[PDB]
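Note sheet for the following structure.
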Amino acid sequence: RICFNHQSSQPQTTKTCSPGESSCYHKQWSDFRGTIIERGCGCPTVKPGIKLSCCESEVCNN
């Protein structure tokens, strides 16, 4: 499987999900900079208001 590991707009770099991690996660939410988009494997925790779309499909978090 695979999961993007960058932020905002930049030469997207891919990281092969590590053991245990079998899903990708996309954390998107606007802040004081504009549009912040975190991404990677291992659906982390978030705060009420931020969106986290997890998908058990390779490359699913831009």
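These residue numbers are counts, starting from 1, taken along the chain as shown.
How was it done? The header gives solution NMR.
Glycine is no exception: its Cβ is also placed from the backbone N, Cα and C atoms.
These features come from Swiss-Prot:
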type	residues	note
DISULFID	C3-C24	disulfide bond
REGION	3-17	region 'Loop I'
SITE	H6	site 'Moderately important residue for binding to acetylcholine receptor'
SITE	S8	site 'Key residue for binding to acetylcholine receptor'
SITE	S9	site 'Moderately important residue for binding to acetylcholine receptor'
SITE	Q10	site 'Key residue for binding to acetylcholine receptor'
DISULFID	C17-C41	disulfide bond
REGION	24-41	region 'Loop II'
SITE	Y25	site 'Moderately important residue for binding to acetylcholine receptor'
SITE	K27	site 'Key residue for binding to acetylcholine receptor'
SITE	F32	site 'Moderately important residue for binding to acetylcholine receptor'
SITE	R33	site 'Key residue for binding to acetylcholine receptor'
SITE	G34	site 'Moderately important residue for binding to acetylcholine receptor'
DISULFID	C43-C54	disulfide bond
DISULFID	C55-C60	disulfide bond
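Shown on the structure are the features that Swiss-Prot records.
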residue: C3; record: disulfide bond; contacts (Cβ under 8 Å, 6+ apart): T14, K15, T16, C17, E21, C24, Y25, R39, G40, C41, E58, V59, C60, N61
residue: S8; record: site 'Key residue for binding to acetylcholine receptor'; contacts (Cβ under 8 Å, 6+ apart): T35, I36, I37
residue: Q10; record: site 'Key residue for binding to acetylcholine receptor'; contacts (Cβ under 8 Å, 6+ apart): none
residue: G34; record: site 'Moderately important residue for binding to acetylcholine receptor'; contacts (Cβ under 8 Å, 6+ apart): none
residue: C43; record: disulfide bond; contacts (Cβ under 8 Å, 6+ apart): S23, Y25, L52, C54
residue: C55; record: disulfide bond; contacts (Cβ under 8 Å, 6+ apart): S23, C24, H26, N61
Cα-to-Cα gap, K27 (site 'Key residue for binding to acetylcholine receptor') vs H6 (site 'Moderately important residue for binding to acetylcholine receptor'), nearest whole Å: 11
Contact set, same chain, for the region 'Loop I' (3-17): CB under 8 Å, 6 or more residues outside the stretch: 23-25, 35-42, 58-62
Site of maximum Cβ density within 10 Å, from recorded sites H6, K27, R33: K27
Among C17, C24, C41, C60, the most crowded of the disulfide-bonded residues [Cβ within 10 Å]: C24
Site with most surrounding Cβ atoms, counting all protein chains shown within 10 Å, from the recorded positions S9, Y25, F32, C54: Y25
Helix, strand and coil residues within the region 'Loop II' (24-41) as assigned by DSSP: 0 helix, 14 strand, 4 coil
